[PDB]
Student: 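Let me give you the structure first, and then I'll get to my questions.
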Number of protein chains: 2
Amino acid sequence: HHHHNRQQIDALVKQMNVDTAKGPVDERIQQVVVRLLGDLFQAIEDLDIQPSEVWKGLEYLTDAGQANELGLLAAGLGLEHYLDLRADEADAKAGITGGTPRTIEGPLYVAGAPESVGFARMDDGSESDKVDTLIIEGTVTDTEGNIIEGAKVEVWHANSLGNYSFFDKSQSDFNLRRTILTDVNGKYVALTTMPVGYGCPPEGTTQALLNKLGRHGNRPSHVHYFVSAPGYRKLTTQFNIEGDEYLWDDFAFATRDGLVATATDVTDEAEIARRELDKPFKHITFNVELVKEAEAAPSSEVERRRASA
Amino acid sequence: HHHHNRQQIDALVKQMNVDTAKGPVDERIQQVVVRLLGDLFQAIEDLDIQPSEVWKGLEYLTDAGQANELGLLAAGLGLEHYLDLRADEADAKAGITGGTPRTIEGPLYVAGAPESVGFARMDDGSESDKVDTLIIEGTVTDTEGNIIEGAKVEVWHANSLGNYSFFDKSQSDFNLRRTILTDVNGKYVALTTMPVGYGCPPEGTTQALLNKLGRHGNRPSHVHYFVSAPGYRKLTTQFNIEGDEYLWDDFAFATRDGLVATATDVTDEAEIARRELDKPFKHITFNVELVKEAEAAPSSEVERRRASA
Ligand SMILES: CCCCCCCC/C=C/CCCCCCCC(=O)O[C@H](COC(=O)CCCCCCCCCCCCCCC)COP(=O)([O-])O[C@@H]1[C@H](O)[C@H](O)[C@@H](O)[C@H](O)[C@H]1O
Ligand SMILES: CCCCCCCC/C=C/CCCCCCCC(=O)O[C@H](COC(=O)CCCCCCCCCCCCCCC)COP(=O)([O-])O[C@@H]1[C@H](O)[C@H](O)[C@@H](O)[C@H](O)[C@H]1O
Ligand SMILES: [Fe+3]
Ligand SMILES: [Fe+3]
């Protein structure tokens, strides 16, 4: 089945994509195209991939882009997690230690959420008779415990059905999405509802491929974070909730030590009144430690096309 | 920049995509995913590809699928031509010689065209005052010159502006697309207009990438063919027209010896009348030789998602 060797493949890729160039070329794009196309041709030779199989692959990728699921596919195949493994190794090689650990952004961030200082209520109350109330609170500090005032804490999470606003058009714009600036004591408080885990769209392209791989498409319950402050490295992270069936079996491999929180139960009448609530609730503490920016530090910001509203 | 070696990459890909499998797996899909993902991770290590670059790559692929241009990108990068180079080498290894040579289908075939016996007029006459008339004719035979009656000759080509019907909604359905069954003398005749070459959609995703590579996105004038008959190997081919600026500089690399025809000029009054025309015209002869199907022959049919109307 080997019709071309790697020398012959490299020569053909060069003839088609490099020899044909006239004038200014983007050298990085040229480098990446030449590498990936040569690698594709070699895998076609090694696995004897048939034309019908190549076309099915391209039709799948077309359908995935049309469904806006390529970000989801990157999470599910573990490419998104792999980028984090690389970033962690680059930071170790720089001697960066400390800081709350990073994990994946996922494909569902939306820019433009309501901003407030110290406190936000994240939900619109439309599920109040069908989901538990959750209070999240924490302090943002540097690596020696000094508070950081005015840190931007951005949080987003799913509703009682595992659905996110903006993507789920039945929810109000920005439901369960807020930006909270830490107060004079480095504190943020979010009044919200308990998120549930969820799967991929069952009839979508990501689940179709996972099915062929014998894999589920479920994530455990979590709340996403971006945390940033002047003079500090931006953080992309989450917390997970102890007790979830999928805690250590996330189809996107995002759970890590340091990021699992326990939801405590508050049933005490006095404490409930003090919080201005009328029913028992769940409470999570999630403190965040930020690493100070250094001249030597690799960038911790990621340019990525994100929804906005 | 090397944060993982290939052993470590292979172990991670296996942990994420193979160890997680429960129940029935499609073994071929699993094999291809594991190979391509390991190759991607290795190229990310070797070229130190940054997260922002990965996201830009995925956003490009998303936009390309949304524009329905991934078939066009496969032609332009030379992947489609590479599949033909492989098919030619498999046929040589089988001892298949003879036959009109194959070349690429391209992404613009549409199933359901008008069918007729021996003769078809391909155009609707809407360009008759702005393009030259072309008559194409030929005989379909086996490799020793014996005629084949009832062979299905499917032809499609661009208008005077380089545009194809179905894709260009200004044209009538199936304009310049016909199926002609060879007559009792193995003959087909098509009355049509001269095709012009064309470029990629200038504001589209394929041209955007070609621009970064310093490359043009133009094809020389051509007419596409599928030819099939009971007992014979299906053929995907075209002819090109001598004289085209881009004849040997097709951005999809489709031109080959054996497939370039010369358009002759017919100005003779008697011949024009005999054809029932009123002006000079162009004439192309394109005979087709088909190879008989053998038990040993590799399949020459390609399953691919194609438009229909
Ligand atoms: C880059 C590779 C270039 C391509 C060039 C190489 C590609 C080669 C792949 C060939 C695979 C073997 C084919 C076996 C025969 C197919 C039979 C079949 O059941 O058809 C289909 C099988 O074909 C595939 O889906 C394979 C896609 C894998 C490619 C992406 C993984 C690469 C990893 C990393 C690269 C970076 C990629 C980035 C990662 C983020 C069935 O379909 P589907 O359920 O998976 O999706 C289904 C489906 O196909 C339905 O038709 C659709 O309607 C539905 O919505 C969809 O969900
Ligand atoms: C498979 C790989 C998985 C991905 C994972 C690996 C991907 C890594 C690629 C990184 C490349 C280096 C990035 C450099 C910095 C980017 C700056 C920039 O100008 O941004 C963009 C550069 O990014 C790219 O386009 C690279 C895409 C190459 C991937 C496909 C080739 C792989 C070959 C074979 C694989 C099989 C693939 C199948 C082949 C058929 C500019 O955009 P654009 O003009 O090319 O398209 C533009 C554009 O981007 C506009 O934003 C859009 O609006 C417009 O419509 C579009 O035309
Ligand atoms: Fe999420
Ligand atoms: Fe064409």
Side-chain angles (χ1 to χ4, degrees), chain A residues 48 50-56, chain B residues 80 83-122 135-157 166 174 176-192 222-239 254 256 258-259 261 284-309:
Chain A
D48 194 22
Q50 298 299 117
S52 61
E53 294 179 304
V54 177
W55 299 125
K56 281 171 195 302
Chain B
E80 196 172 7
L83 305 181
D84 287 346
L85 293 176
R86 290 194 87 235
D88 280 347
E89 189 78 356
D91 285 356
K93 286 172 191 325
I96 300 166
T97 64
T100 299
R102 61 164 60 81
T103 199
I104 76 180
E105 184 178 323
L108 307 175
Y109 175 77
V110 184
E115 184 182 277
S116 60
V117 178
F119 174 89
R121 180 165 174 181
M122 303 186 58
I135 289 172
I136 307 164
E137 75 196 314
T139 62
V140 181
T141 63
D142 66 12
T143 52
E144 49 167 293
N146 304 123
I147 74 198
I148 303 161
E149 174 181 16
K152 183 164 277 178
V153 178
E154 304 185 60
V155 285
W156 64 106
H157 71 77
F166 181 86
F174 293 110
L176 314 176
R177 301 174 180 281
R178 295 294 187 269
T179 299
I180 308 164
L181 307 179
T182 57
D183 66 24
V184 68
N185 302 128
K187 288 167 177 176
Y188 76 94
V189 177
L191 171 61
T192 190
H222 58 279
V223 175
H224 292 273
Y225 284 71
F226 290 138
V227 187
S228 59
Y232 292 92
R233 307 185 78 212
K234 190 163 196 176
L235 171 64
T236 296
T237 195
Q238 71 192 15
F239 66 77
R256 329 174 53 146
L259 306 183
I284 290 168
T285 299
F286 186 71
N287 302 317
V288 176
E289 174 180 284
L290 297 180
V291 172
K292 51 180 183 65
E293 276 169 351
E295 201 65 53
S299 183
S300 70
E301 280 146 11
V302 176
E303 307 164 303
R304 176 168 181 186
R305 188 167 68 189
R306 295 161 174 123
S308 71

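Lettering follows sequence order; numbering is per chain, from 1.
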Student: Here's one to test your reading of the geometry: is the NZ or CZ of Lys152(B) within 45 degrees of the ring axis of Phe226(B) and under 6.0 Å from its centre?
Tutor: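 No; the conditions do not both hold, so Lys152(B) does not lie above the ring face of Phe226(B).
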Student: Check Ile180(B) against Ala190(B) and note the closest heavy-atom contact, atom names and distance.
Tutor: CD1-CB, 3.9 Å
Student: Within the structure provided, determine whether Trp55(A) and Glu80(B) are in side-chain contact (heavy-atom separation under 4.5 Å).
Tutor: yes
Student: Can you see which heavy atom on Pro51(A) is nearest to which on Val302(B), and at what distance?
Tutor: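 Result for this residue pair: CB-CG1, 4.1 Å.
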Student: Could you tell me the separation between the OG1 atom of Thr182(B) and the CD1 atom of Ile147(B), rounded to the nearest 0.5 Å?
Tutor: 8.5 Å
Student: Taking all heavy atoms of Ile96(B) and all of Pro298(B), pick out the closest pair and write down the distance.
Tutor: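 Closest approach of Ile96(B) to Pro298(B), heavy atoms only: CD1-CD, 3.8 Å.
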Student: Passes side chain to side chain contact (heavy atoms under 4.5 Å, CB included), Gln238(B) versus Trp156(B)? Steps please.
Tutor: CA-CA 10 Å; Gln238(B) 71 192 15; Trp156(B) 64 106; over 6 Å; no
Student: Check whether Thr237(B) reaches the backbone of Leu259(B) with its side chain - one donor and one acceptor, N or O, closer than 3.5 Å.
Tutor: no
Student: Any side-chain heavy-atom pair from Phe166(B) and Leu108(B) closer than 4.5 angstrom?
Tutor: no
Student: If you apply the rule side chain to side chain contact (heavy atoms under 4.5 Å, CB included), what do you find for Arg121(B) with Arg178(B), and how did you get there?
Tutor: CA-CA 8 Å; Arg121(B) 180 165 174 181; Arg178(B) 295 294 187 269; 5.8 Å; no
Student: Are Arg233(B) and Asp91(B) packed together at the side-chain level, in the sense that at least one heavy-atom pair is separated by less than 4.5 angstrom?
Tutor: yes
Student: From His224(B) NE2 over to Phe239(B) CZ, what is the distance, rounded to the nearest 0.5 angstrom?
Tutor: 11.0 Å
Student: With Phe286(B) as reference, evaluate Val153(B), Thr100(B), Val155(B), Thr139(B) under the side chain to side chain contact (heavy atoms under 4.5 Å, CB included) test and give the passing residue.
Tutor: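 Exactly one pass, corresponding to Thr100(B).
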Student: Out of curiosity, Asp142(B) CG to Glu289(B) CD, how far, rounded to the nearest 0.5 Å?
Tutor: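 Reported value, rounded in 0.5 Å steps: 7.5 Å.
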Student: To the nearest 0.5 Å, what is the distance between CD on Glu293(B) and CD on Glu301(B)?
Tutor: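 Reported value, rounded in 0.5 Å steps: 7.0 Å.
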Student: For side chain to side chain contact (heavy atoms under 4.5 Å, CB included), just list the numbers for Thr141(B) and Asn146(B), CA-CA rounded to whole Å, side-chain angles, deciding distance to a tenth of an Å, and then say yes or no.
Tutor: CA-CA 5 Å; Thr141(B) 63; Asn146(B) 304 123; 5.8 Å; no
Student: Show your reasoning for whether side chain to side chain contact (heavy atoms under 4.5 Å, CB included) applies to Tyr109(B) and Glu154(B).
Tutor: CA-CA 10 Å; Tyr109(B) 175 77; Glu154(B) 304 185 60; 2.6 Å; yes
Student: Counting only heavy atoms not in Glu303(B), do more than 12 fall under 6.0 Å of its CD?
Tutor: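 At most 12 heavy atoms, drawn from other residues, nucleotides or ligands, come within 6.0 Å of this atom.
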Student: Please find the pair of heavy atoms, one from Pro114(B) and one from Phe174(B), that lie closest to each other, and give the distance.
Tutor: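 Here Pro114(B) and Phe174(B) meet closest at CD-CB, 3.7 Å.
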Student: Any donor-acceptor pair under 3.5 Å linking the side chain of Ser300(B) with the backbone of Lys234(B)?
Tutor: yes
Student: Could you grab the distance from atom CD of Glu137(B) to atom CD1 of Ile284(B), nearest 0.5 Å is fine?
Tutor: 11.5 Å
Student: Testing the basics here: between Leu181(B) and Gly150(B), what is the closest heavy-atom pair and its distance to 0.1 Å?
Tutor: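 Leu181(B) and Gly150(B) have their closest heavy atoms at CD2-O, 4.3 Å.
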Student: For a quick test of reading the model, state the closest non-hydrogen atom pair linking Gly138(B) to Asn287(B) and the distance between them.
Tutor: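 Distance-wise, the nearest heavy atoms are CA-OD1, 3.3 Å.
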Student: To the nearest 0.5 Å, tell me how far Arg177(B) CZ sits from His157(B) NE2.
Tutor: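 One gets 10.0 Å once the value is rounded to the nearest 0.5 Å.
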Student: Is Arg256(B) salt-bridged to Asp88(B), going by a charged N under 4.0 Å from an acidic O?
Tutor: yes
